Amino acid sequence: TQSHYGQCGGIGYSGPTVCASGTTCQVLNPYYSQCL
């Protein structure tokens, strides 16, 4: 799982995309998605 302000997605990312409870995944740009 990811933590708050954690990268859940974004090109080049090869990690889990599930944000910690209480948060959600938010695409920042086509190369980064933060969890807020």
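The sequence shown runs 195 to 230 under my numbering. For each residue, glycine too, the CB sits at the ideal point set by N, CA and C.
Exercise for review: Might you give, ordered along the chain, the residues of its own chain that have their beta carbon closer than 8 Å to the beta carbon of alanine 214, omitting 5 neighbours on each side?
Suggested key: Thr195, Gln196, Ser197, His198, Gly200 and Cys229
Check your understanding: What are the partner residues of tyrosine 226, as DSSP defines its beta bridges?
Key -> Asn223
Practice item. Work out the CA separation of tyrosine 207 and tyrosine 226 for me, nearest whole Å. Key: 8 Å
**Study point:** Coarse secondary structure for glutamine 196, derived from DSSP in three states
**Key:** coil
Review point. Taking the DSSP output, what are the residues bridged to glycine 203?
Key: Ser227
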